[PDB]
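Scroll down for the structure; my scribbles are underneath it.
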Amino acid sequence: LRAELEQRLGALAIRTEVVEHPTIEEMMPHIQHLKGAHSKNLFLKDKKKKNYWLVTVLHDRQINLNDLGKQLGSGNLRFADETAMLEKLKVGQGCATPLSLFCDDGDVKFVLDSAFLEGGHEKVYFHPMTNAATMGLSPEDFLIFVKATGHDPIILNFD
């Protein structure tokens, strides 16, 4: 649940900023404080090796699946069934992917776009294991968090 995520962030001394989702007027009042780097999250699986892994890239990143597989593992990477994501990361249709990987210990690798750590954006935004809000936090503290969950990420650059 989200409470466990906030509890582990407080244990790691990571201060965040959460804007609660429920009309362009509310989104305009909340948009003024929301300014940073958003993301699109992919949960992929290798047919051959039968290992699930997680990819987090920028929201506007154009991406080819077979080319991404070629960078890591010929296109053998396919999208993973939502049942797998539900049983592995306790979420479904809510891709709170960096904030929900604290459950999987060694069965899900983490791929992160390099542009989240480089660039002039003060905070990055992800869901806190629910679609009813968005949590924003510093990219370096976010890297500290994802490394504290046992997932040494594999940073790769697209530019």
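Just so you know, the sequence shown maps onto residues 6 to 27, 31 to 81, 84 to 169 in the UniProt record's numbering.
Note that CB positions come from ideal geometry on N, CA and C, so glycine has one too.
Taking 8 Å as the upper bound for CB-CB distance, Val156 and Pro108 are in contact here, some 6 Å apart. By the criterion of at least three beta-carbon pairs nearer than 8 Å, the stretch 132-141 is in contact with the stretch 99-116. Counting only residues of its own chain and dropping the five nearest sequence neighbours on each side, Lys98 has a CB closer than 8 Å to the CB of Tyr60, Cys113, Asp114, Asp117, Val118. The stretch 11-26 and the stretch 52-72 do not touch, with fewer than 3 CB-CB distances between them shorter than 8 Å. Where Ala143 is concerned, the enclosing beta strand (DSSP E) starts and stops at 143-147.
Of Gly44, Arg7, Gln40, the smallest CA-CA separation from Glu128 is found for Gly44. Comparing C-alpha distances from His38 to each of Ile165, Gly146, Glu150, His67 shows the shortest one belongs to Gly146. Distance from the CA of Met95 to the CA of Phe51, rounded to the nearest whole angstrom, comes to 7 Å. Here the alpha carbon of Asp54 sits roughly 17 Å from the alpha carbon of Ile164. When DSSP states are grouped into helix, strand and coil, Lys119 belongs to the strand group. When secondary structure is reduced to three states using DSSP, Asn59 falls in the coil class, being assigned neither helix nor strand. Closest by C-alpha distance to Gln70, out of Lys48, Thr93, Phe89, is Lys48.
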